[PDB]
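The chain below stands alone and is given as structure tokens, in the form deposited in one PDB entry.
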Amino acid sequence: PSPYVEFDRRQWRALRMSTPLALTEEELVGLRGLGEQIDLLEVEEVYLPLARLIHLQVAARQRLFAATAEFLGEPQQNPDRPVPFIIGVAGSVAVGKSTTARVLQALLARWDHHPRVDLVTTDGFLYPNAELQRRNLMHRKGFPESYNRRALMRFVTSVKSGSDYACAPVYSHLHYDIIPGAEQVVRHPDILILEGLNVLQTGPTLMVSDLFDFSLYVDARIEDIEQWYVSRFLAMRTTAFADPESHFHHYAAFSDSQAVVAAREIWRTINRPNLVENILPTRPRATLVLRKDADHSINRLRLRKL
């Protein structure tokens, strides 16, 4: 006996679930352009059933807010509306957290109950490169210490406080660094999805995940993720690395053969270690685990028993 219900892909299909609520095919157009390669059978069969499920919990939280407010007899100090409902998404680099997030943000916003869904990445809570160097941390971008954990805690606290706005820094993926003076403003949305490698990580402190209301871990075999990371690296020669402005411009010129070697090395020495030591252990802390096959389709869902 486990604290999770487990459904393989066959079983999850083989239900028997409530709504049509099916997708408008004007919305399926908007859904294609959240690149990389968005499978639409994935959305219909997995992410929409998932979104409905999460809506159940967001709705339950909303009613419970109201029932409690009513029991307390709407006192001054009680807030007027439920505080944002925060979802965490965790997983290895290159597992597709970002895609998973953008898809859930688009689906969950379809309900009248909670139409304002914000998405923030913890990438903005990285120390700037300058500070990273200063701490011997350039080879460890994405490990726990490479984030300003205090600032990140302040951000989420403030959001969960129900404050009017909350500012986050913005990480530029092209420049591989924080953007000086850039800020993402967050104004008490109904849901906030928080995406990052570190969002389910433990701490002697209070940690951000104490402020979640739901969390996903996006899981895959480690071999499989390596393969995605390599294919991604080679593809970046055309785009990120192509700009002569990039610090990683010199990778643009590597042949396929040599780029594979370079990818696999960066994998082995930064991300794979980060995954095993720090990311994988936070997996059993997620409300829902999604295991993806080698070709990106979800082959197993684990869901905490309610």
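Note that residue numbering follows the sequence shown and begins at 1. Only the largest set of C-alpha atoms that superpose within 1.5 Å between the two forms is called the rigid core.
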May I ask you to compare 40-48 and 244-252 by their mean CA B factor in the entry and name the higher one?
-> 244-252
Would you tell me which stretch averages the higher CA B-factor in the PDB entry, 277-285 or 23-31?
-> 23-31
Deposited CA B-factor, highest of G96, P82, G181, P115 | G181
Using the temperature factors in the entry, find which of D164, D213, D219, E195 has the highest value at its Cα atom.
-> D164
Using the B-factor values recorded in the entry, state whether the Cα atom of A151 falls in the lowest, middle or highest third among the modelled residues of its chain.
-> middle
Chain-wide C-alpha B factor ranking for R232, given as lowest, middle or highest third = lowest
Would you check the entry's CA temperature factor for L108 and let me know if it's in the chain's lowest, middle or highest third?
-> middle
According to the PDB entry, is the CA B factor of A101 in the bottom, middle or top third of its chain, that is, lowest, middle or highest?
-> lowest
Chain thirds of CA B-factor: placement of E74 = highest
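Quick note: we don't show the form deposited in another entry, though the next part is all about it.
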Out of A253, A66, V276, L56, the position with Cα displaced 2 angstroms or more between the shown form and the other one on rigid-core fit is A66
After a core superposition, would you say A14 shifts its C-alpha by at least 2 Å between the shown form and the other one?
-> yes
Relative to the superposed rigid core, does the CA atom of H113 travel 2 Å or more between the shown form and the other one?
-> yes
Does the distance between the two CA positions of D293 reach 2 Å or more between the shown form and the other one, the core being superposed?
-> no
Using the form shown as baseline, tell whether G33 and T99 are closer or farther in Cα-Cα distance in that other deposited form, where the change reaches 3 Å or more.
-> closer
By 3 Å or more, the Cα spacing of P79 and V156 differs in that other deposited form; is it closer or farther than in this view?
-> farther
